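The chain below stands alone, shown as structure tokens; this is the form solved without the named molecule.
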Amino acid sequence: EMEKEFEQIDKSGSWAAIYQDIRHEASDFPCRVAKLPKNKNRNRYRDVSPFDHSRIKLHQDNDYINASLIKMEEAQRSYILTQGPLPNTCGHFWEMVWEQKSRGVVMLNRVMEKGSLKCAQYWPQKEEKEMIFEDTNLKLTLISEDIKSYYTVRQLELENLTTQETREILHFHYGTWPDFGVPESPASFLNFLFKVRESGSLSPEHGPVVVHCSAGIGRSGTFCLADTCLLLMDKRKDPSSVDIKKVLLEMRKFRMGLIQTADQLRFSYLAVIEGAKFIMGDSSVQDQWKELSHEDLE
């Protein structure tokens, strides 16, 4: 059971040891397409690559994009984890969103972090300045945005200019999650996660939600681990039946390096334990997260 195991790891100060134990057991699968010379400029980070067996293929030409399908069989939820698109891969990114029928995009980083450019500016910032990705023949329009104190929700219109079919994509942009760090509180993380959940973006009627940060493994892995653990617990209505470390190891069969620090692992435990209160029927804790997260400020 998570609470007892969590209390033990703190009491012994062994989060680092628990975390390398997961690094050491994680799966190792080949990434030969990602390492092809013709794909070097499609990878943001030399050491962050999708496994061949789970990589998303574009229906083009060159089908490579740095993105992985995390298919959680038991939870019955899939996610697409991907790096922050580069200047030359923004068209690929939206082609993947289109082809995979995703409804939601979860962005856990800022475009500029810590001095450096972690993500291209791949969505329009003004309604009147739409973007056209010439190479993939898609048009992208900012329809509206709801700016909260530490995150922003945007409605975008994605249009395939070939067919002139159009889709509404929701963009969930977490603004205050430092790279290699943790959210300010479980409440602010869970308040955000439940905004994504309530949008319908995670429904099985849609394609997999697209989740990214800069590399698509650290913050992105933390978000997916927490969500999947809560969903597994929700389906069984049994918190004590969730083995978080085995869930993480299952996810790392599909993408390397998910969760980059022991403290991100520790935070995942904190989010799931707190989120269990909502899952097991204390509805009022959601509005309590909304308060603690100070979303309504500025």
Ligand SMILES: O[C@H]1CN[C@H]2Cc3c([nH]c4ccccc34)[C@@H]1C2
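From 1 onward, residues are counted along the sequence shown.
Engineer: How many missing residues of the deposited sequence lie between residue 60 and residue 61 in the entry, grouped as none, 1 to 3, 4 to 9, or 10 or more?
Structural biologist: Going from residue 60 to residue 61, the model skips 1 to 3 residues of the deposited sequence.
Engineer: On average, which has the higher Cα B-factor in the deposited entry, 197-205 or 101-109?
Structural biologist: Of 101-109 and 197-205, the stretch with the higher C-alpha B-factor average is 197-205.
Engineer: Output the stretch having the higher mean C-alpha B factor in the entry; the candidates are 174-182 and 161-169.
Structural biologist: The stretch with the larger average C-alpha B-factor is 161-169.
Engineer: Just grab whichever of 83, 228, 121, 116 has the top CA B-factor as deposited.
Structural biologist: Highest CA B-factor of the listed options: 116.
Engineer: Ranking every modelled residue in this chain by its Cα temperature factor as given in the entry, which third contains residue 44?
Structural biologist: Tercile = lowest for this residue's CA B-factor.
Engineer: Sorting the chain's modelled residues by C-alpha B-factor, tell me whether residue 126 ends up in the lowest, middle or highest third.
Structural biologist: For residue 126, whose C-alpha B-factor we compare with every modelled residue in the chain, the answer is the middle third.
Engineer: Among the modelled residues of this chain, does the Cα B factor of residue 136 put it in the lowest, middle or highest third?
Structural biologist: Top third by C-alpha B-factor.
Engineer: Once the chain's modelled residues are ordered by C-alpha B factor and cut into thirds, is residue 38 in the lowest, middle or highest one?
Structural biologist: For residue 38, the deposited C-alpha B-factor lands in the highest third.
Engineer: Would you please rank residue 78 by its C-alpha temperature factor against the other modelled residues of its chain and give the third it falls in: lowest, middle or highest?
Structural biologist: For residue 78, whose C-alpha B-factor we compare with every modelled residue in the chain, the answer is the middle third.
Form deposited with the named molecule bound: not shown, discussed below.
Engineer: Given the named molecule superposed in from its position in the deposited complex using nearby C-alphas, should this pocket be scored open or blocked (3 or more ligand atoms within 2.4 Å of backbone or C-beta)?
Structural biologist: Check passed, pocket reads open.
Engineer: Can any non-hydrogen atom of residue 270 be found within 4.5 angstroms of the named molecule in the deposited complex?
Structural biologist: Judged by the heavy-atom cut-off of 4.5 Å, residue 270 is in contact with the named molecule in the deposited complex.
Engineer: Determine the residues of 1-30 with a heavy atom within 4.5 Å of the named molecule in the deposited complex and present them in sequence order; the list may be empty.
Structural biologist: Those in contact are 3, 6, 7.
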